[PDB]
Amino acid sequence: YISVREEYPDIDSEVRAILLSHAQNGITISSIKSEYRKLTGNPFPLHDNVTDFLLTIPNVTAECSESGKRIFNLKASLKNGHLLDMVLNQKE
C-alpha cells in the first residue's frame, strides 16, 4: 500500500468522504470502486486485499452483514462529525 499512498496522497480522505456520504446503509467494495472512479476520474488503485487496505484508514469500519455482504462505513471524527450526524439522520 506504500505504492498506493505515494501515488494517491489523499486516498484516506477520498475513501472517508465516500463512506460518509453512504453512511446510512454502508457500502460494498464494488460500490466504493465505482464511486471512486466517478468522483476522481481514476480507477480505484487496488484490485485485491481491499478489505485490509480500507481497514488501515483511520475511522473506517467493516461489517459482515447478516445478508452476507461485507459493508464498509465510518466512525465520527472531530472534523467530520457534524456531517456524519446529518447523513445518519437525513431522509431515509
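The first residue of the shown sequence is 1; numbering continues from there.
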Assert third(CA B-factor, residue 73) within chain per record equals middle
Residue 30: CA temperature factor from the record, placed by chain third, in the highest
So, residue 46's CA B-factor, relative to its chain, sits in which third? The highest
Residue 67: CA B-factor among chain residues, third -> highest
Of the three thirds of the chain ranked by Cα temperature factor, residue 40 occupies the highest
